[PDB]
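Remarks on the overall topology
Residue-level listing of the chains:
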Amino acid sequence: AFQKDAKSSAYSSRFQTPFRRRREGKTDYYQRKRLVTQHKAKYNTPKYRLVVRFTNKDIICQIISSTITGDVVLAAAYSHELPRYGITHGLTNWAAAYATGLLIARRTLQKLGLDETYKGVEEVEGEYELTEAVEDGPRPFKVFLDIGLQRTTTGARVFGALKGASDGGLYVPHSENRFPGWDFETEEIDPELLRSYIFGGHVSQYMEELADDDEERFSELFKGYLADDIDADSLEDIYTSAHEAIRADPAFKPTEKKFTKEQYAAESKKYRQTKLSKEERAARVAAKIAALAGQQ
Amino acid sequence: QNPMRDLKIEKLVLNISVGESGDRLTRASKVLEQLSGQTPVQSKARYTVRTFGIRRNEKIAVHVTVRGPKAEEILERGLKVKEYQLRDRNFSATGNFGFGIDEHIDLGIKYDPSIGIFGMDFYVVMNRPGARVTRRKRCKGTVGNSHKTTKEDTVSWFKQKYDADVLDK
Amino acid sequence: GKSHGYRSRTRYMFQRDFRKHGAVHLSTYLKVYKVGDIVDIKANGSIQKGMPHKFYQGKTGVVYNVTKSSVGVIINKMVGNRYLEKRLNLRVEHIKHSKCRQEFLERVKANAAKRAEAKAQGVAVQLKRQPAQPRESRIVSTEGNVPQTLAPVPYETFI
Amino acid sequence: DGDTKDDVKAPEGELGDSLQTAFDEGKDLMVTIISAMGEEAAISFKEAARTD
Amino acid sequence: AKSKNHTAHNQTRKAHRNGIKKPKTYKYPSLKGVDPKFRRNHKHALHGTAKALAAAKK
RNA sequence: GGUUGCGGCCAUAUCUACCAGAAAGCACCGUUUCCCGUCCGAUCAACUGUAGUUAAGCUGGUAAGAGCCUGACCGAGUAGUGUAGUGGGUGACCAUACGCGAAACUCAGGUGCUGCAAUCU
RNA sequence: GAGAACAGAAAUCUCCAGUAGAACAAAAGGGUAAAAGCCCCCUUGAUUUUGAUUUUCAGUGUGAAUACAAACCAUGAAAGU
RNA sequence: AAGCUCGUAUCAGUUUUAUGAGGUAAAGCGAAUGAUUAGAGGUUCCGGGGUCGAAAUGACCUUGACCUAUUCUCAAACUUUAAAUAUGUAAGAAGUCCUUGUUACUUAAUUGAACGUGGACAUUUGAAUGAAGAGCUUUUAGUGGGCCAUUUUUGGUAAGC
RNA sequence: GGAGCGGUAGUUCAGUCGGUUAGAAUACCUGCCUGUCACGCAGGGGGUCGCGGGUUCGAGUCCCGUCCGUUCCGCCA
């Protein structure tokens, strides 16, 4: 709208631009530095970070360790791959996040070999307990929670993702207070509420609450569930047998794709336009002087 | 060429500048409270003046940010004191507007003589859905020129519902 | 009176340099320092903790000790008659690697290869860097490119 | 801030006598004193004109 | 008594008479002000690795 | 090749004013019982991918645009400067030999590249 | 910059622009933008034992500072600090 | 001055090749910071003094700040840019690689880590030139009022200041 | 040729160096008294705290410069 305030020649010339990953607004550098910087006496020994991000209708979770060329992934795990584990609808919720975390844990440590040892907890009773130390035998694999920008509050699915991670074998150090059902008024964890949360108990209770409150909103939501024959008291058991679907075979089988990269290139390049040349530009300028200036 | 590019009220800020601290301000705070349904906030004087009478950081005025269907209610009944007649100014060049009124009594409120009389400032602020862009934490952005709230467009939107009179020079 | 603080006469030394303000970029921190490696010391005003003294700006020396977020560097300061060997404790942000040393190491790497090649040839190398030898006897070519004769140019006002 | 400390002996001062005289007439008596080396006695009388 | 206050004159010419003798370093440098932890570890390492060569190689 | 998450370098990437975007992707967008947090479900929280878009965002293109960059026998061997002279000059300073060597200006050329993992007619 | 009763050069509010033209206890210079700035939350690391180091230097002191250890704490979800 | 330990060491008031740091001379200000000469065009409802009008978010002149594009000029305590001269460090045996031992440190991991036995690679052993030896300790004298010259330069009108 | 000091209603001065306030005396003004003026009685106003800039929630007092006036030194030859 405005060109009276005027981003002038002078102002532009002496403008410093941030970093691209900050100019998008996607990477907190102040945090990132503090996170990734290794204790220099360890040398090349890398620091691994459990990246967890939540888009609208996906969860991304990836262990990354850095290198000055660019930050290299150890392994990745997504929520939209949960279909072949047996969870389809309602897939970016707290329980789903937990599941994703679990998958990433069991995956990375599977591919690193140890898995057999350091199975962690496999009760999932919602108790605050970390990956222990096996006396006589290798240390457990360590990795730190990278949130990025997603704000920290008690109850967030960020923390579900951590819970899933830690329980599934990977050492992520953490305090309890930001898991759901932490009593703020006195240092008293309730594991049973947390327990309920882990298997989508909040969601199931919500479904129960739309029995006689309203049943058009109920139809608006949960449409897929109605289609697939899913209901309240089945829900807690859906995540339960699906956890063992991870703990037998978590091995990452990628999609069949169909077509190859060249085909995709062929598709894409049709729509996006190329640049130009100098000659073409000069011609256009000539046209513009004919039409506007010379006036036919 | 108008599917998502719709228009609506984002929020409405009801405000009362009270020339001193303490009693009057507290009474105003009660006033806004029961009108809106939300409990208000109390702003501080940014610097010393003396000619007004106020000084540095004195807790001077009060306001409340109202949103949703609930703001529309108050806009209606309040807009009826000016009687569906605004001005050619009042609408800013950013596609927002406002109208000041006096006597809070003539918009639902009962007098109740311990309270008193206080004039109000309505400043309504507009948007097109998509203005999550600026206010969000992650992946902040600037809103493009074609999707901005202009003055003229806002005036049109106002005319179209409410049967509202723009009027004046 | 006279003044000699820890940052005496350092207006333009620790200036942050034009349009490169702030946000300590992250290559810096992942550059891995081994004991007994040569390092240059460009101080960095955008970090205050673990700073060098003004004297050591631009000065170069060997790393001796490592720690959590810093490195012990030794330098030969000149004082009175002699060289005295110091022991600094610079934070990693003020340091970069010696490019020259890296270059040297690469040269050494090539040297071994050259020696190996020579061996499969049957000895005789000549591996040292000789300077610019006084360039050889050659023949030029006129053919088309004739001596384009010049002259001196006369004095002219144009002012 | 606090109303404690009647002390301060009342003034020896002849100027403190006009204060002694003008008290019954009243009107916000604002009277400075000085603590210099722990010695404190009334120095000047002053009164605001309003404050209501 | 306005005497000459300071100069650095004819100082370099003193300096170069004996002449900027360099530190004269040794292999096995002095581990003084090297990380305590590291020093401790190295100690034990040396104690061990001596034993290996001493007991075995005979 | 596009697109996402994570990046390295940090504007050849930023800004101004416009126009294009199929697939998926994000993206906006629906809702507040629970965890959660606000003067306010705007923000952040959670719940739905269901109710709707490509209008914005993001990407790409355009402009004898700003800016930025890159080079040029472009200015210009210009200033300026290390070395020497019982060199010139009343001096200020200047020329000479051995060397070293800029900035503005002018012209032309460019307007992100690229690594890790995933996914897309 | 554009707007909102009393409201005016200025009192409160709201949007737009805004590379820093502010604010950082105090001189001046640096440094700082999801910040070292402002608002909130919880706190004593302004703690204990003794070295090593840099500065001014005679390479003594004093002061000031830096990197560490060994404790015991702080806060944070954590990386850390 | 006394020597001592060795006997071509590792060094050199130096260049070369390489790579660092610097913020001065220059330059720059139609680039920030300030300092400043001139008009042009805009601007005001958001400054006054007039003429046209009972008044007007008035018809029009005079200035006054502002804004835009241009202009002449500048800076020890201004700067995008940026020399020359001086300056740091490397030019390998205390090296490089191959195998593998050490540990109370560190690693998810006999991964790293520093230190190693063993094996290779030497007469261009890894730029120039020079080395009336190289290194090393003792002790003690006098000294601690300076001055002139080239160029750089501060006060000062200037001075054999 | 330097050092220190002063700065306010129309006048003499406090206030002021302590920063979120300008007081006394006289003069001036009004009414009253009085044949009329003085004296008195009862009320009232009047000072951008010399000027300009800066620091400051706030400057009249805090810092710097002109500006106009008062002081101190001018010794040994």
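Residues numbered from 1 in each chain as written, not as in the entry; some residues may be left out. Chains lettered and ligands numbered in written order. Part of a larger assembly, values for the part shown. Heavy atoms only, no water.

As stated in the entry header, the method of structure determination is cryo-EM and the reported resolution is 3.8 Å.

Residue and element names in this part refer to chain A. Look at helix 4 (residues 94–111) against helix 10 (residues 235–248): their axes get within 10 Å of each other, and the N-to-C directions meet at 20 degrees. One element, helix 4, and the other, helix 10, form an angle in the roughly parallel class. Handedness of the crossing formed by helix 4 with helix 10: right-handed. Between helix 4, through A95, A96, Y98, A99, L102, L103 and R106, and helix 10, the contact on the second element is made entirely by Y239, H243, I246 and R247. (Axes fitted to C-alpha atoms, helices over the stretch in contact; angles between N-to-C directions. Helix = DSSP H or I, 4+ residues; strand = E, 2+ residues; numbered from the N terminus. Parallel < 35°, antiparallel > 145°, perpendicular 65-115°, else oblique. Left-handed = near helix turned anticlockwise from the far one by under 90°. Contact = heavy atoms within 4.5 Å.)

Neighbouring residues of RNA strand F: 104 residues in total, closest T27(A), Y29(A), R53(A), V73(A) and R67(B). Sugar plus phosphate, as a fraction of atoms of RNA strand F within 4 Å of the protein: 65%. In the model, a base oxygen of RNA strand F is placed 2.7 Å from a nitrogen or oxygen of the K57(A) side chain. Take the surface near RNA strand F: its biggest share by element is seven residues, from helix 11 (residues 261–271) of chain A. Taken together, the residues of the surface near RNA strand F break down into 34 nonpolar, 35 polar and 35 charged. (Near = heavy atom within 4 Å. Polar contact = N/O pair within 3.5 Å; in protein donor to acceptor, adjacent residues only side chain to side chain. Nonpolar A, V, L, I, M, F, W, Y, C, P; charged D, E, K, R; others polar.)

Moving on to the protein's contact with RNA strand G. Near RNA strand G lie 97 residues; those nearest to it are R22(A), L35(A), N15(B), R87(C) and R91(C). For RNA strand G, a phosphate oxygen lies 2.5 Å from a polar atom in the side chain of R22(A). Between RNA strand G and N89(C) there is a distance of 2.9 Å, counted from a sugar or linking oxygen to a backbone nitrogen or oxygen. When residues of the surface near RNA strand G are assigned to their parent elements, the largest contribution, five residues, is made by strand 5 (residues 120–127) of chain B.

On to the side chain of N44(C). Residue and element names in this part refer to chain C. Its location among the elements puts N44 in the loop between strand 1 (38–41) and strand 2 (60–66). When its relative accessible area of 14% is taken as the criterion, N44 is described as buried. At 3.5 Å, the side chain of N44 forms a polar contact with the backbone oxygen of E93. In contact with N44, other than residues within four places in its own chain, are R16, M51, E93 and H94. (Buried < 20%, exposed > 50% of the residue type's maximum accessible area, 1.4 Å probe, protein only.)

This part is about the interface of chain A and chain C. By a widespread convention, an interface's size corresponds to the accessible area lost as its parts come together. Across the contact, 18 residues belong to chain A and 21 residues belong to chain C. Interface of chain A and chain C: buried area, both sides summed, is about 1700 Å²; carbon and sulfur atoms make up 67% of it. Of all residues in chain A, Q16(A), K40(A) and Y43(A) give up the largest surface area on contact with chain C, accounting jointly for 40% of the area buried on that side. Run the count over chain A and chain C and you get zero salt bridges. At the boundary of chain A with chain C, the tally comes to seven residue pairs in polar contact. Top contributing element to the side of chain A that touches chain C by residue count: helix 3 (residues 29–36) of chain A, with four residues. Partitioned by chemical class, the residues of the side of chain A that touches chain C number seven nonpolar, seven polar and four charged. (Buried area = accessible area lost by both parts, 1.4 Å probe. Salt bridge = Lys/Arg side-chain N within 4 Å of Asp/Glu carboxyl O.)

Listed as interface residues are five residues of chain A and, on the opposing side, five residues of chain B. Summed over both sides, the interface between chain A and chain B buries roughly 540 Å², with carbon and sulfur atoms accounting for 53% of that surface. Taken as a group, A1(A), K26(A) and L149(A) account for 58% of the area that chain A buries against chain B, more than any other trio of residues on that side. On the surface where chain A and chain B come into contact, there are zero salt bridges.

Residue and element names in this part refer to chain A. Strand order in this open sheet of four strands is 3-2-1-4, and the pairing throughout is mixed. At either end of the open sheet lies a strand with only one pairing partner, and these are strand 3 (72–78) and strand 4 (144–146). The average undirected angle you get between the axes of adjacent strands in this sheet is 25 degrees. When strand 1 (residues 48–55) meets strand 2 (residues 58–65), the two strands line up antiparallel, connected through eight bridges. Paired with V51 across the strands is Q62, a residue of strand 2. The strands touched by helix 4 are strand 1, strand 2 and strand 3; relative to strand 3, the strand with the most contacts, the crossing angle is about 140 degrees. Strands strand 1 and strand 4 of the sheet are contacted by helix 5 (residues 157–167), whose axis makes an angle of about 140 degrees with strand 1. (Pairing = 2+ DSSP bridges.)

Let's shift gears to unusual backbone geometry. Residues other than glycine seldom take positive phi values, yet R50(B) does so here, at roughly 85 degrees. One can find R50(B) in the loop between strand 2 (41–43) and strand 3 (61–66). Using a relative accessible area of 75% as the deciding quantity, one classes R50(B) as exposed. Residue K27(D) is not a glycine yet carries a positive backbone phi of 95 degrees. Looking at the element boundaries, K27(D) is found in the loop between helix 1 (15–22) and strand 1 (30–34). Residue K27(D) is classed as exposed on the basis of its relative accessible area, which comes to 52%.

Glancing now at the pairing of strand 1 of chain C. All names here are of chain C. Where burial is concerned, the two faces of strand 1 differ: the one with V39 and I41 is buried and the one with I38 and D40 is not. Relative to strand 2, strand 1 is paired through three bridges, and the arrangement is antiparallel. Residue pairing in the sheet places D40 in a bridge with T60 of strand 2. When strand 1 meets strand 7 (residues 95–97), the two strands line up antiparallel, connected through three bridges. By the bridge assignment, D40 is partnered in strand 7 with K96.

Attention now moves to helix 1 (residues 23–36) of chain B. Residue and element names in this part refer to chain B. An ideal rise of 1.5 Å per residue puts 20 Å on 14 residues; helix 1 measures up with 20 Å between its terminal C-alpha atoms. Looking only at helix 1, the buried set comprises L25, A28, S29, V31, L32, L35 and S36. In a view along the axis of helix 1, the buried residues occupy a sector of 160 degrees, so they form one face of it. Of the exposed residues in helix 1, the ones pointing more than 90 degrees away from its buried face are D23 and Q34. On its buried side, helix 1 packs onto strand 1 (8–17), strand 2, strand 3, helix 2 (69–79) and strand 5. In the segment just after helix 1, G37 is the residue with positive phi, at about 115 degrees. (Expected span 1.5 Å × (residues − 1). Arc of directions from axis to C-beta.)

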